[PDB]
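Colleague: Input entry-v3.cif, format and content: mmCIF, C-alpha atoms and all ligand atoms.
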data_target
loop_
_atom_site.label_atom_id
_atom_site.label_comp_id
_atom_site.auth_asym_id
_atom_site.auth_seq_id
_atom_site.Cartn_x
_atom_site.Cartn_y
_atom_site.Cartn_z
CA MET A 1 -28.43 -18.54 -6.89
CA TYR A 2 -24.91 -19.26 -5.65
CA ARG A 3 -22.05 -20.52 -7.81
CA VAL A 4 -18.97 -19.99 -5.61
CA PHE A 5 -18.44 -21.84 -2.34
CA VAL A 6 -15.68 -20.79 0.07
CA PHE A 7 -14.73 -23.03 3.00
CA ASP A 8 -12.29 -22.50 5.86
CA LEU A 9 -10.68 -25.83 6.82
CA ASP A 10 -9.98 -25.97 10.57
CA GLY A 11 -13.07 -25.62 12.76
CA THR A 12 -15.20 -25.63 9.59
CA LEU A 13 -14.91 -28.30 6.87
CA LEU A 14 -12.47 -30.32 9.02
CA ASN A 15 -13.74 -31.84 12.25
CA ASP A 16 -11.76 -31.69 15.48
CA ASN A 17 -9.76 -34.72 14.31
CA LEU A 18 -8.78 -32.81 11.18
CA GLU A 19 -10.84 -35.03 8.89
CA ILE A 20 -13.69 -34.30 6.47
CA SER A 21 -16.89 -36.33 6.91
CA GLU A 22 -18.07 -38.38 3.92
CA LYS A 23 -21.28 -36.38 3.87
CA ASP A 24 -19.39 -33.08 3.42
CA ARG A 25 -17.01 -34.70 0.95
CA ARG A 26 -19.83 -35.98 -1.26
CA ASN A 27 -21.64 -32.64 -1.26
CA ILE A 28 -18.48 -30.80 -2.28
CA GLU A 29 -17.88 -33.36 -5.05
CA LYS A 30 -21.35 -32.65 -6.45
CA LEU A 31 -20.79 -28.87 -6.41
CA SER A 32 -17.31 -29.07 -7.94
CA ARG A 33 -19.07 -30.19 -11.10
CA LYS A 34 -19.96 -27.04 -13.03
CA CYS A 35 -19.39 -24.83 -9.95
CA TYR A 36 -16.43 -23.21 -8.15
CA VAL A 37 -15.11 -24.45 -4.82
CA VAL A 38 -12.54 -22.47 -2.76
CA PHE A 39 -10.52 -23.56 0.28
CA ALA A 40 -9.13 -20.85 2.58
CA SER A 41 -6.76 -21.76 5.39
CA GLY A 42 -4.10 -20.38 7.70
CA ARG A 43 -2.04 -23.52 7.03
CA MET A 44 0.83 -23.86 4.52
CA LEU A 45 -0.05 -24.13 0.81
CA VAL A 46 1.22 -27.71 0.58
CA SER A 47 -0.74 -28.76 3.65
CA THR A 48 -3.89 -27.28 2.15
CA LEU A 49 -3.41 -28.78 -1.32
CA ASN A 50 -2.73 -32.14 0.34
CA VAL A 51 -6.12 -32.17 2.05
CA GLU A 52 -7.72 -31.30 -1.29
CA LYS A 53 -5.99 -34.13 -3.14
CA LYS A 54 -6.66 -36.60 -0.31
CA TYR A 55 -10.45 -36.20 -0.31
CA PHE A 56 -10.74 -35.16 -3.95
CA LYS A 57 -8.09 -36.27 -6.44
CA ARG A 58 -7.46 -32.68 -7.52
CA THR A 59 -6.74 -29.11 -6.44
CA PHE A 60 -9.01 -26.07 -6.29
CA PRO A 61 -8.55 -22.29 -6.18
CA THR A 62 -6.87 -21.94 -2.79
CA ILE A 63 -6.19 -19.29 -0.14
CA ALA A 64 -3.31 -20.31 2.15
CA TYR A 65 -1.19 -18.72 4.92
CA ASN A 66 -4.29 -16.78 5.96
CA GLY A 67 -4.32 -14.66 2.81
CA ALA A 68 -0.65 -14.39 1.81
CA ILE A 69 -1.02 -16.99 -0.93
CA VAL A 70 -3.69 -17.31 -3.63
CA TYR A 71 -3.38 -20.39 -5.83
CA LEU A 72 -5.21 -21.49 -9.00
CA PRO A 73 -5.08 -25.14 -10.18
CA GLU A 74 -4.03 -23.97 -13.64
CA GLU A 75 -1.97 -20.77 -13.14
CA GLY A 76 -0.44 -21.77 -9.81
CA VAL A 77 0.37 -19.01 -7.32
CA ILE A 78 -0.97 -15.65 -8.52
CA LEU A 79 -0.57 -13.81 -5.20
CA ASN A 80 2.49 -14.35 -3.04
CA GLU A 81 2.68 -11.92 -0.11
CA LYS A 82 5.91 -12.06 1.91
CA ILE A 83 8.14 -10.16 4.29
CA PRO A 84 10.45 -8.02 2.11
CA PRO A 85 14.06 -9.33 2.31
CA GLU A 86 14.98 -5.96 3.83
CA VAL A 87 12.61 -5.77 6.79
CA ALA A 88 13.23 -9.52 7.03
CA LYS A 89 16.99 -9.00 7.23
CA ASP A 90 16.53 -6.24 9.81
CA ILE A 91 14.32 -8.47 11.95
CA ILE A 92 16.75 -11.41 11.85
CA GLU A 93 19.83 -9.30 12.63
CA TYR A 94 17.86 -7.75 15.49
CA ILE A 95 16.60 -11.07 16.84
CA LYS A 96 19.77 -13.19 16.69
CA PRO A 97 21.77 -11.39 19.41
CA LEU A 98 18.76 -12.12 21.63
CA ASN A 99 19.45 -15.87 21.40
CA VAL A 100 15.99 -17.22 20.60
CA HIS A 101 14.52 -20.20 18.76
CA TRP A 102 13.20 -19.06 15.41
CA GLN A 103 12.03 -20.78 12.25
CA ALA A 104 11.16 -19.46 8.79
CA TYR A 105 8.58 -20.26 6.11
CA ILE A 106 10.39 -20.00 2.78
CA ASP A 107 8.80 -20.96 -0.53
CA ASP A 108 6.41 -23.28 1.27
CA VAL A 109 9.02 -25.08 3.40
CA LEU A 110 9.46 -24.75 7.16
CA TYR A 111 13.09 -24.25 8.22
CA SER A 112 14.58 -24.13 11.72
CA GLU A 113 18.07 -22.98 12.66
CA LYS A 114 18.58 -25.67 15.29
CA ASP A 115 16.97 -29.10 15.67
CA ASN A 116 15.70 -28.71 19.23
CA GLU A 117 12.65 -29.87 21.19
CA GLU A 118 10.76 -26.65 20.47
CA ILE A 119 10.63 -27.27 16.72
CA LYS A 120 9.92 -31.00 17.11
CA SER A 121 6.82 -30.37 19.22
CA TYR A 122 5.57 -27.53 17.02
CA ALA A 123 5.77 -29.50 13.78
CA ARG A 124 4.09 -32.38 15.60
CA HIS A 125 1.14 -30.38 16.91
CA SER A 126 0.65 -28.30 13.74
CA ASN A 127 1.63 -31.38 11.67
CA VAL A 128 4.05 -30.23 8.97
CA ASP A 129 7.58 -31.38 7.96
CA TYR A 130 10.54 -29.13 8.80
CA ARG A 131 14.19 -28.90 7.81
CA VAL A 132 17.20 -27.87 9.87
CA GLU A 133 19.25 -25.10 8.27
CA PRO A 134 21.99 -23.56 10.48
CA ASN A 135 22.55 -20.93 7.78
CA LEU A 136 18.89 -19.91 7.76
CA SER A 137 19.88 -16.27 8.24
CA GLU A 138 21.37 -16.24 4.73
CA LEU A 139 18.48 -18.20 3.23
CA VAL A 140 15.94 -15.67 4.50
CA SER A 141 18.03 -12.52 4.11
CA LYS A 142 18.33 -13.36 0.41
CA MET A 143 15.16 -15.26 -0.44
CA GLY A 144 12.46 -13.59 1.61
CA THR A 145 10.02 -15.37 3.88
CA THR A 146 6.24 -15.74 4.14
CA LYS A 147 6.59 -15.56 7.90
CA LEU A 148 8.78 -16.01 10.96
CA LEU A 149 7.87 -17.81 14.12
CA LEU A 150 9.52 -17.75 17.53
CA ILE A 151 9.05 -20.51 20.08
CA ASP A 152 9.69 -19.96 23.79
CA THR A 153 8.08 -20.20 27.23
CA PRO A 154 4.86 -18.16 27.48
CA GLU A 155 6.95 -16.00 29.81
CA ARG A 156 9.89 -14.94 27.64
CA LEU A 157 7.68 -15.02 24.54
CA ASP A 158 5.40 -12.38 26.07
CA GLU A 159 8.50 -10.22 26.46
CA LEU A 160 9.83 -10.91 22.98
CA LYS A 161 6.40 -10.04 21.60
CA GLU A 162 6.58 -6.69 23.39
CA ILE A 163 9.93 -5.56 22.00
CA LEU A 164 9.43 -6.90 18.47
CA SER A 165 6.03 -5.22 18.17
CA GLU A 166 7.30 -1.84 19.42
CA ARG A 167 10.25 -2.09 17.04
CA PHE A 168 8.57 -3.50 13.93
CA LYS A 169 4.84 -2.79 14.33
CA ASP A 170 5.19 -0.32 11.43
CA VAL A 171 6.32 -2.73 8.71
CA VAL A 172 5.15 -6.13 9.90
CA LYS A 173 2.43 -7.86 11.94
CA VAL A 174 3.50 -9.50 15.21
CA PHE A 175 1.20 -11.65 17.36
CA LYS A 176 0.97 -14.69 19.60
CA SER A 177 -0.80 -17.57 17.88
CA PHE A 178 -0.65 -19.56 21.11
CA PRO A 179 1.06 -19.36 24.54
CA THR A 180 4.32 -20.66 23.09
CA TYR A 181 4.13 -19.43 19.48
CA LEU A 182 4.94 -15.89 18.31
CA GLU A 183 4.32 -15.08 14.65
CA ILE A 184 5.61 -12.32 12.38
CA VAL A 185 3.72 -11.94 9.09
CA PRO A 186 3.30 -9.52 6.17
CA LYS A 187 1.57 -6.35 7.27
CA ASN A 188 -1.92 -5.97 5.81
CA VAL A 189 -2.75 -9.42 4.43
CA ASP A 190 -5.82 -11.44 5.42
CA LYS A 191 -8.30 -13.95 4.00
CA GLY A 192 -10.69 -11.19 2.95
CA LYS A 193 -8.17 -9.28 0.82
CA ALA A 194 -7.13 -12.57 -0.71
CA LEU A 195 -10.75 -13.49 -1.54
CA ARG A 196 -11.45 -10.04 -2.97
CA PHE A 197 -8.35 -10.40 -5.17
CA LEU A 198 -9.46 -13.85 -6.33
CA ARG A 199 -12.89 -12.38 -7.11
CA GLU A 200 -11.43 -9.66 -9.35
CA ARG A 201 -9.26 -12.24 -11.09
CA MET A 202 -12.05 -14.79 -11.68
CA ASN A 203 -14.73 -12.14 -12.18
CA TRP A 204 -16.95 -13.44 -9.35
CA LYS A 205 -19.69 -11.16 -8.12
CA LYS A 206 -20.43 -11.01 -4.38
CA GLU A 207 -24.07 -12.13 -4.80
CA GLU A 208 -23.11 -15.61 -5.99
CA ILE A 209 -20.59 -16.33 -3.21
CA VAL A 210 -21.11 -18.23 0.04
CA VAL A 211 -18.47 -18.49 2.80
CA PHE A 212 -18.36 -20.91 5.74
CA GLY A 213 -16.20 -19.93 8.69
CA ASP A 214 -15.68 -20.01 12.44
CA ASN A 215 -12.77 -17.54 12.83
CA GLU A 216 -11.72 -13.98 13.48
CA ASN A 217 -9.57 -14.71 10.42
CA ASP A 218 -12.68 -15.75 8.42
CA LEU A 219 -14.66 -12.70 9.48
CA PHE A 220 -12.65 -10.83 6.83
CA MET A 221 -14.10 -13.08 4.09
CA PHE A 222 -17.67 -12.32 5.17
CA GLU A 223 -17.40 -8.79 3.78
CA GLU A 224 -16.70 -10.31 0.37
CA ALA A 225 -19.65 -12.75 0.23
CA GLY A 226 -23.36 -12.67 -0.54
CA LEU A 227 -24.25 -15.37 2.01
CA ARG A 228 -22.56 -15.86 5.41
CA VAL A 229 -22.57 -19.13 7.38
CA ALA A 230 -21.06 -19.44 10.86
CA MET A 231 -20.25 -22.83 12.33
CA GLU A 232 -22.03 -23.56 15.62
CA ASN A 233 -18.58 -23.70 17.24
CA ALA A 234 -17.74 -20.21 15.91
CA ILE A 235 -16.85 -17.43 18.32
CA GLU A 236 -19.74 -15.15 19.26
CA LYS A 237 -18.53 -12.31 17.03
CA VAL A 238 -18.61 -14.52 13.91
CA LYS A 239 -22.12 -15.81 14.54
CA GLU A 240 -23.44 -12.28 14.98
CA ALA A 241 -22.00 -11.29 11.60
CA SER A 242 -23.30 -14.38 9.81
CA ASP A 243 -26.66 -14.92 8.13
CA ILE A 244 -27.10 -18.52 9.27
CA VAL A 245 -25.45 -20.56 12.03
CA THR A 246 -25.30 -24.20 11.00
CA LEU A 247 -24.21 -27.23 12.98
CA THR A 248 -20.79 -27.92 14.44
CA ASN A 249 -17.73 -28.91 12.39
CA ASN A 250 -17.70 -32.26 14.24
CA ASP A 251 -21.05 -33.05 12.72
CA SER A 252 -21.40 -32.04 9.11
CA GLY A 253 -22.43 -28.49 9.78
CA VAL A 254 -21.37 -27.59 6.26
CA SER A 255 -23.62 -30.18 4.58
CA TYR A 256 -26.56 -29.24 6.78
CA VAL A 257 -26.78 -25.78 5.19
CA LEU A 258 -25.04 -26.56 1.91
CA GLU A 259 -27.83 -28.94 0.91
CA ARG A 260 -30.48 -26.22 1.33
CA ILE A 261 -28.82 -23.29 -0.48
CA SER A 262 -30.15 -22.14 -3.88
CA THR A 263 -27.46 -23.21 -6.27
CA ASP A 264 -26.77 -23.64 -9.95
CA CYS A 265 -24.84 -26.81 -10.84
CA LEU A 266 -26.49 -30.15 -10.03
CA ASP A 267 -29.04 -28.62 -12.43
MG MG B 1 -10.65 -21.92 11.24
#
Spell out the structure here as structure tokens.
Ligand SMILES: [Mg+2]

Modeller:
Amino acid sequence: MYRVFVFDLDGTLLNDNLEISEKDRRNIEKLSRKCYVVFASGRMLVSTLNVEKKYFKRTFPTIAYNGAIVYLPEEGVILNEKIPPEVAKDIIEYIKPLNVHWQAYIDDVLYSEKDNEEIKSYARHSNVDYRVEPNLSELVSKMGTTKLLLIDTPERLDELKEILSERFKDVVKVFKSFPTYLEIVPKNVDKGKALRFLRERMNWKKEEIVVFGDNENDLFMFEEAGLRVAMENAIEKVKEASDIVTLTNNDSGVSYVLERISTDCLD
């Protein structure tokens, strides 16, 4: 039997309109009684906890920033991976002379040096609030950051990616999230390491854990679970590593399999 249920949000529990169907909501509600529910997302911690409170008036053990943050409703953040203020300072001092548009994620708040069109459109599309801080260099250099993000034309961004990777590949992870978004994040952090950490903390055993995913990012969690469910919309690689491929996230792919799994709770 299974007693721990891990769900990615985007492309999984959330449909393409970023909402959770009533069917999936009700099934989670039933499990949450007596059993453990875990949400794992690449989104900010606040954004993730907000979805939790919106559909369920509470919070659950949570994996945010794709593994950098592990949160427990009672303890709060018990894992907080970030770019060390040193490598962070080096990156900022290196990047500024290059006149680019960068923003920083600090203590769960998105900051941008200048209030331009780049930031406006990014916060809009990845729906999050941001704050303009001209002195962001000092904020980061002295407070540390979960991650940095550069926004430019796919052209210049492909070039920036090139030089920042060659220069910092050794102490940080640099990759394009999309044609116009370049991200810099803590080296070896991912959803799998975060889930394994949570497991050690909570004393979960792999055999009682189920994970639902659709991502390359979620593939890491699969190694830490006893049962693996890929969404029908998952990339080919994820489906081939799963045990079962349920319906799409636009339907209630989660419920479709969730209702058939051998589980404690619900008696
Ligand atoms: Mg996803």

Colleague: Would you please work out which residue, of A:255, A:135, A:41, A:15, is nearest to ligand MG 1 (chain B) when using only C-alpha atoms and all ligand atoms?

Modeller: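 Smallest separation from ligand MG 1 (chain B) among the options: A:41.
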
Colleague: What's around region 210-214 of chain A at 8 Å? Count all atoms listed in the file, leave out sequence neighbours fewer than 2 positions away in its own chain, and write the answer as a PDB file with C-alpha atoms, in the frame of the given file.

Modeller:
ATOM      1  CA  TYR A   2     -24.910 -19.260  -5.650  1.00  0.00           C
ATOM      2  CA  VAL A   4     -18.970 -19.990  -5.610  1.00  0.00           C
ATOM      3  CA  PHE A   5     -18.440 -21.840  -2.340  1.00  0.00           C
ATOM      4  CA  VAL A   6     -15.680 -20.790   0.070  1.00  0.00           C
ATOM      5  CA  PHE A   7     -14.730 -23.030   3.000  1.00  0.00           C
ATOM      6  CA  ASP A   8     -12.290 -22.500   5.860  1.00  0.00           C
ATOM      7  CA  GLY A  11     -13.070 -25.620  12.760  1.00  0.00           C
ATOM      8  CA  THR A  12     -15.200 -25.630   9.590  1.00  0.00           C
ATOM      9  CA  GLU A 208     -23.110 -15.610  -5.990  1.00  0.00           C
ATOM     10  CA  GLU A 216     -11.720 -13.980  13.480  1.00  0.00           C
ATOM     11  CA  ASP A 218     -12.680 -15.750   8.420  1.00  0.00           C
ATOM     12  CA  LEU A 219     -14.660 -12.700   9.480  1.00  0.00           C
ATOM     13  CA  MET A 221     -14.100 -13.080   4.090  1.00  0.00           C
ATOM     14  CA  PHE A 222     -17.670 -12.320   5.170  1.00  0.00           C
ATOM     15  CA  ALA A 225     -19.650 -12.750   0.230  1.00  0.00           C
ATOM     16  CA  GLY A 226     -23.360 -12.670  -0.540  1.00  0.00           C
ATOM     17  CA  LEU A 227     -24.250 -15.370   2.010  1.00  0.00           C
ATOM     18  CA  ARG A 228     -22.560 -15.860   5.410  1.00  0.00           C
ATOM     19  CA  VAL A 229     -22.570 -19.130   7.380  1.00  0.00           C
ATOM     20  CA  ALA A 230     -21.060 -19.440  10.860  1.00  0.00           C
ATOM     21  CA  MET A 231     -20.250 -22.830  12.330  1.00  0.00           C
ATOM     22  CA  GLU A 232     -22.030 -23.560  15.620  1.00  0.00           C
ATOM     23  CA  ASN A 233     -18.580 -23.700  17.240  1.00  0.00           C
ATOM     24  CA  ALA A 234     -17.740 -20.210  15.910  1.00  0.00           C
ATOM     25  CA  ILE A 235     -16.850 -17.430  18.320  1.00  0.00           C
ATOM     26  CA  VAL A 238     -18.610 -14.520  13.910  1.00  0.00           C
ATOM     27  CA  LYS A 239     -22.120 -15.810  14.540  1.00  0.00           C
ATOM     28  CA  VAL A 254     -21.370 -27.590   6.260  1.00  0.00           C
TER      29      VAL A 254
END

Colleague: Report the distance between CA of residue 192 (chain A) and CA of residue 224 (chain A) in Å, rounded to one decimal place.

Modeller: 6.6 Å

Colleague: Go ahead and compute the interatomic distance for CA of residue 27 (chain A) and CA of residue 207 (chain A), in Å to one decimal.

Modeller: 21.0 Å

Colleague: One number please: CA of residue 38 (chain A) to CA of residue 108 (chain A), in Å, one decimal.

Modeller: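 Between these atoms lies a distance of 19.4 Å.
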
Colleague: In the coordinates of the file, take the point (21.5, -25.5, 10.8) and a cut-off of 10 Å; then, counting all atoms listed in the file, name each qualifying protein, DNA or RNA residue as a list in words.

Modeller: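 Output: residues 111, 112, 113, 114, 115, 131, 132, 133, 134, 135, 136 and 137 of chain A.
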
Colleague: Could you check the closest approach to ligand MG 1 (chain B) for each of A:215, A:202, A:195, A:186 and tell me which residue wins, using all atoms listed in the file?

Modeller: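 Once distances to ligand MG 1 (chain B) are computed over all atoms listed in the file, the minimum belongs to A:215.
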
Colleague: Compile the contact shell of region 60-65 of chain A as a PyMOL selection string: residues with an atom at most 10 Å away, counting only C-alpha atoms, same-chain residues fewer than 4 positions apart removed.

Modeller: chain A and resi 6-8+32+36-49+52-53+56+69-77+79-81+105+108+146-147+185+189-192+194-195+198+202

Colleague: Using all atoms listed in the file, can you tell me which of A:13, A:245, A:141, A:103 comes closest to ligand MG 1 (chain B)?

Modeller: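 Smallest distance to ligand MG 1 (chain B) is found for A:13.
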
Colleague: So which one's closest to ligand MG 1 (chain B), A:217, A:263, A:34, A:99? Using all atoms listed in the file, please.

Modeller: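 Between A:217, A:263, A:34, A:99, the residue approaching ligand MG 1 (chain B) most closely is A:217.
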
Colleague: So, counting only C-alpha atoms and all ligand atoms, which residue among A:14, A:257, A:119, A:98 is closest to ligand MG 1 (chain B)?

Modeller: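 Distance minimum relative to ligand MG 1 (chain B) lands on A:14.
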
Colleague: Can you tell me which residues surround residue 168 (chain A) at a distance of at most 12 Å, considering all atoms listed in the file, apart from same-chain residues fewer than 2 positions away, and format the answer as a list in words?

Modeller: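 My reading of the contact set: residues 83, 87, 88, 90, 91, 92, 94, 95, 160, 161, 162, 163, 164, 165, 166, 170, 171, 172, 173, 174, 175, 184, 185, 186 and 187 of chain A.
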
Colleague: Identify which of the residues A:249, A:29, A:178, A:242 lies closest to ligand MG 1 (chain B), counting all atoms listed in the file when measuring atom-to-atom distances.

Modeller: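 Closest to ligand MG 1 (chain B), using all atoms listed in the file: A:249.
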
Colleague: Please rebuild region 93-104 of chain A with N, CA and C atoms and return the result as a short mmCIF file (atom, residue, chain, number, x, y, z; two decimals), in the frame of the given file.

Modeller:
data_model
loop_
_atom_site.label_atom_id
_atom_site.label_comp_id
_atom_site.auth_asym_id
_atom_site.auth_seq_id
_atom_site.Cartn_x
_atom_site.Cartn_y
_atom_site.Cartn_z
N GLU A 93 18.62 -9.85 12.02
CA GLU A 93 19.83 -9.30 12.63
C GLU A 93 19.52 -8.73 14.01
N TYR A 94 18.29 -8.29 14.21
CA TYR A 94 17.86 -7.75 15.49
C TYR A 94 17.60 -8.87 16.50
N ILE A 95 16.98 -9.94 16.01
CA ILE A 95 16.60 -11.07 16.84
C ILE A 95 17.70 -12.06 17.23
N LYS A 96 18.71 -12.23 16.39
CA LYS A 96 19.77 -13.19 16.69
C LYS A 96 20.57 -12.91 17.97
N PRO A 97 21.01 -11.66 18.19
CA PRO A 97 21.77 -11.39 19.41
C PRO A 97 20.97 -11.73 20.66
N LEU A 98 19.65 -11.81 20.52
CA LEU A 98 18.76 -12.12 21.63
C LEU A 98 18.66 -13.62 21.93
N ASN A 99 19.45 -14.42 21.22
CA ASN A 99 19.45 -15.87 21.40
C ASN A 99 18.06 -16.45 21.65
N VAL A 100 17.33 -16.67 20.55
CA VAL A 100 15.99 -17.22 20.60
C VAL A 100 15.88 -18.40 19.64
N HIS A 101 14.74 -19.07 19.66
CA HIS A 101 14.52 -20.20 18.76
C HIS A 101 13.52 -19.77 17.70
N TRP A 102 14.04 -19.50 16.51
CA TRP A 102 13.20 -19.06 15.41
C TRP A 102 13.26 -19.99 14.22
N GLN A 103 12.18 -19.97 13.44
CA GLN A 103 12.03 -20.78 12.25
C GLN A 103 11.49 -19.87 11.15
N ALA A 104 11.64 -20.28 9.90
CA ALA A 104 11.16 -19.46 8.79
C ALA A 104 10.41 -20.26 7.73
#
